[PDB]
Each structure stands twice: as structure tokens, then as C-alpha cells.
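This text opens with one protein chain seen in two forms, each one given by itself as C-alpha cells under the names structure 1 and structure 2.
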Structure 1
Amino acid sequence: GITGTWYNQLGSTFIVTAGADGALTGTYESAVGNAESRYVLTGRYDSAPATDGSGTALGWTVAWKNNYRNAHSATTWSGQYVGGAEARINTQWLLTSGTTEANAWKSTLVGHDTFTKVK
């Protein structure tokens, strides 16, 4: 149920393959979907989850460098996939910037996001 395309509320577009080995691989891009906005992601998921309606645990990372831009930062999303007619990936994220040691205290933002199968 994870493999495919997912959208946040802004329409940002997460394109992922969930491999039989537990790998997540894909790309994350803006709603516009121009090449300058596209970044690689990789992660892992529970390939033998509960079958009782519970979510499937997963996580992935994007480093914010592509062939066009580099923000010197990386986001990780930790969350769970819930299937069915109204499938969701519910996440919390940590965004760490590369900083000097003196600025490390303010290096990591926290937030959340929800992805759905339709815009």
C-alpha cells in the first residue's frame, strides 16, 4: 500500500517505492514539479506489519541538495502508514541544518505532516 504517489495539503508530491527488502526509495518535489524542486529520498519501513488496522512504521530522509540547489540541511520523517479507502501517512519530522558549533543549539526544527493519496 505504500508504493506510489502521496501528497501533503500544499500538494507537495512524494513518489516512493516500498521494496520487498524493507527499503523506501523515491523522490520528493513541489506541486509544480520542476526539476529544481526534486530531491532524492531513502528510508525504511516495516515489511511485515500488524494486520489489525494498526499503522505500518516507517521513516525516510531527504538531504536538501540536488543538482540545482543545496540548503546544507536534511529532514527526517518518522511515522506510520495507515491503509484503506482513506489511506494516510502521518509523520513528525526533524530538519537539521549544518551549523557551526556555536549555532548548533538552533540547528534542528521539529514539525509534522500528513500525506494522502489524492490532492
Structure 2
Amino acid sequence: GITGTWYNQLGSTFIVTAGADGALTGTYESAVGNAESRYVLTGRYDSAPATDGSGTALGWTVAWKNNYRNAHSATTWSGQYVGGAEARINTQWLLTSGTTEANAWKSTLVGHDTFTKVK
């Protein structure tokens, strides 16, 4: 249920393959920020979720460097997949920038993205 194309509330595009081993692989294209075109992502998911109708825990990382831009920063999304007719991946995220020590206190943004199958 995880493999495919997903879209968040900003209009970003998350293209992922869930491997049998628990691997997540794919690309991310952000609608916002210091970003253009696609970025590599990798992550992990629970390949044997609870069979009580609980979500499937997962997470992935993008480092914001590709052949076009380098924003010296990385986002991790941590969340859970919920299947069915309105399938969703509900996440919270941490976006850490490379900073000097003096500016480390303001290195990290936090937010929340909800992914669905329709934009």
C-alpha cells in the first residue's frame, strides 16, 4: 500500500518504493523552500505491521543536495501509513540545517505533513 506517488498539503510529490526487506527508496520534490526538481530519499518501514488495524510506522530522509541546488540541510519525516479508501501517510518532520556552533540553537525546523494519493 505504500509504494507509489503521494502528495502533501503543500503540493510536494513523494515517489516511493517499499521493498520486501523494509527499505524505502525514491524521490522527493518539494513545492516550497530552497529546492528544485527531485532529491534522493531513503528510509525504513515496518514490513510486518500489527494486524489489529494499527498504522504502519515508517520514516525517511532527504538531504537537500541534487545536481541543481544544495541547501545544506536535511529533512526527516517520521510517521505512519494508514490504508483504506482515504489512505494517508501522517508525518511529523525535522529539517536540520548545517550551522555554526553559535547558531546551532536555530538549526532545526519542525512541522507536520499529511500525504494522500490525490493532490
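All residue numbers here follow the sequence of structure 1, with the first residue given the number 1. Take the two forms, superpose them, and find the largest set of C-alpha atoms that agree within 1.5 Å; that set is the rigid core. Only residues modelled in both forms are compared.
- Just one of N90, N34, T42, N70 moves its Cα by 2 Å or more between the two structures on a rigid core overlay, and this residue is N34.
- For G111, the Cα deviation between the two structures after core superposition amounts to 0.4 Å.
- If you overlay the core, the Cα of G53 moves by 1.7 Å between the two structures.
- Lined up on the core, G11 has its CA atom moved by 2.2 Å between the two structures.
- 9 to 11, 30 to 36 are the runs of three or more consecutive shared residues whose C-alphas all shift by 2 Å or more between the two structures after the rigid core is superposed.
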